[PDB]
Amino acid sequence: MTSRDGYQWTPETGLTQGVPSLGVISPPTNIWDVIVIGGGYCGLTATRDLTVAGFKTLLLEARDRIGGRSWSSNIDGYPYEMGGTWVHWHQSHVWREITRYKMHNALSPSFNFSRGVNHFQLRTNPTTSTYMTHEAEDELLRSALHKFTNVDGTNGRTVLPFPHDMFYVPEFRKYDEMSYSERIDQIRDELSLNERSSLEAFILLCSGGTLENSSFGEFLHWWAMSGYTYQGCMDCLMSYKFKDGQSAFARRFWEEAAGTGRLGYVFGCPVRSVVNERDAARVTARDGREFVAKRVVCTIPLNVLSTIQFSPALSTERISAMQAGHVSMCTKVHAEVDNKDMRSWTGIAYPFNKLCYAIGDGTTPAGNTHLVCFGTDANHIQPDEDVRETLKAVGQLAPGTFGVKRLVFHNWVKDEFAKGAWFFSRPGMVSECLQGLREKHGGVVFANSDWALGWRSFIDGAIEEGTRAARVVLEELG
């Protein structure tokens, strides 16, 4: 079935809105111990866990589909990943779900250097290009990232030995309070233009924000989780994806919860308020429908929380977090291109372009190279507003080398049920707000990847929180 989310473009058709996805459900309602608000991976995991354990559970979702910030669209036999894509066995919670659902052998490597141009193209201004082996690329980045992360002599292993517990070493704090910008000023004189351009594009790829509004320490956190090495990051952040797309993975959570016969659900159901009552909680949609359950697991994203009325009011720490917002404003654009040899191309174009990092990520059934392109708040584009400028930004990644057959993207920034992409914090925000984002609220359990402990902001972190949310509810009732 075809979702309301997403955009597609071809030369023949122009820009159309709405694309297919297995995430679309399916019949939109089939209508409690528990209400779960939101059906991304956090909500899916909580719901799966709770229904399997014997609770009647109602899932309320604003969209016409499951998956939230992660979901895929099969177009002409090719899964286009609209948001969260990549997974790895070094990621505990997603991996456990992958193997339990027997999908550990249903993955593809995004990188294929076995034919074609097999180079990295670095663009530091609009006129000119630098070419490089992928090896040389790997090494440009290791060298840059070593300097960026070596605040303690051990690339973070001393100040953050236990990433799950940021205050184990009291001293990590100053790094959470530091911006990318402040860090770079410290190591500046020691970086070439090539190292710095590569480094800035890489760290901003990770934050989706700006040099000034991105927490250095949050990046140290990603680095630490990944093995405190550049190759560790690439393995964990960008190497392996589902062959059948993230939506086939979300479906497995959905099918299991449904198979218990304890699942109620409503889609197209944007929640407007959550009010604690005597021994229960009442959730009301924008259109006035009301639902009641003993406990509510609320998985609305940080950047959307300020749209909801809660009673009692949320705590002071929750309020600051949501008013400030996280900074990831990532624009992600897929491009089906007519250059077959670009399967093995990668490119960084920084800082002049609105898309700054792109990779050949696959080959469609039609035989065309698929490129994925990323842009950040550093030089922002809204990919839907002016196709001409979006195309010009894709092309500038490799001027004069290809024509575009198709674009596919979803706009996360302008999307009212996301308002941003994956979580990334401002300097000081996690230090300050994480405990609060995570604290009790009577009968409401706030659970989201945005405030995970481990792979925070990742599909993994959604699953971690989701599991934690089910466990809390279980303990409180039973």
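Numbers follow the displayed sequence, beginning with 1.
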property: Residues of the deposited sequence that sit between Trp32 and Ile31 yet are not modelled; result: 4 to 9
property: Segment of higher mean CA temperature factor, 115-123 or 95-103; result: 115-123
property: 226-234 versus 106-114 - which carries the larger mean C-alpha B factor in the record; result: 106-114
property: Residue, from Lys174, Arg251, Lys147, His88, that the PDB entry assigns the highest Cα B-factor; result: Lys174
property: Criterion, highest CA B-factor; candidates, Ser207, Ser344, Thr316, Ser239; result: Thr316
property: Ranked against its chain, the third holding the CA B-factor of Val19; result: middle
property: Where the record places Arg282 (Cα B-factor, split into thirds across the chain); result: highest
property: Chain-wide C-alpha B factor ranking for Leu44, given as lowest, middle or highest third; result: lowest
property: Lowest, middle or highest third - CA B-factor, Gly375; result: lowest
property: Chain-wide C-alpha B factor ranking for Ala469, given as lowest, middle or highest third; result: middle
